[PDB]
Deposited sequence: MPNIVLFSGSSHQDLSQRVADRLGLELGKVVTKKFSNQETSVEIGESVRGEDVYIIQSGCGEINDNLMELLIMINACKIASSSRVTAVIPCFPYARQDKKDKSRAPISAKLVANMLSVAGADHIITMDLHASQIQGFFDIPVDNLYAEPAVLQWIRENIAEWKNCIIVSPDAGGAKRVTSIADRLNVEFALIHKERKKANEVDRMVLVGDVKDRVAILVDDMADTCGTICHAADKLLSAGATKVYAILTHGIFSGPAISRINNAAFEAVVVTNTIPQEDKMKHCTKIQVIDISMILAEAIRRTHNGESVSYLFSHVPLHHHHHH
């Protein structure tokens, strides 16, 4: 089969970059809405006997884009494609992954089921909120890591990285922080609400590393505790920058040295209203995974380099 790369309405810029690294052109698909706000999908080329890849990120209008993804997957399945792969840099409803309330839903499993009945055979995603979402599917699921690119940014941009500290803004983020600290051979701390800090922090550069920042109610309160606790400068490094609601107003009025995110969510608009925001490119990692999945090579090689 031949790679047929398709792009949804969300994050059109990343799909163009992945096409460039793969050395191909995006497929002909027109995705608009009808008068009554119903998704319209018009694929403009034959997907018969092809390896269709669709890039759709859980950003912007989550529900509008999610239905767009399911209609595109189902259209390519009935149009007699060979395999259909959903490339989702940010997984929607990933924070609703367990039932710790009375009648709470598990919306991550509902989205997993809906992608399965549309007809997707493979899933490629980056830095899932819970790694266990891989078990919500009966199909192969790729969970790429942005950590090798995060480590590269720290070494080149922060000069004092050899004698810095790494801070976790939440109790559940200690797994991510401890892995990064060992790779840099530095110390680490942890911040818990209900604000308590456990770690030296004083008179050293502190880096806040999390997986996502929706409204930045965290990290911004964490930065105040870090500056009150003796740290000189504070850095914030994140993978998925949603920056919804106040968010930008909190970052613009905070004392972060820099806020660093990836390409998983469109950052072009947010970067106009915040000079602290910096972006790490991940289109190289996504293009390599699509390349190796198509050719039947080892994706495990990606978890050994940048």
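For this chain, which runs of the deposited sequence have no C-alpha coordinates, given in order from the N-terminus? No coordinates exist for the deposited residues in 1, 196 to 204, 317 to 324, so these stretches are absent from the model.
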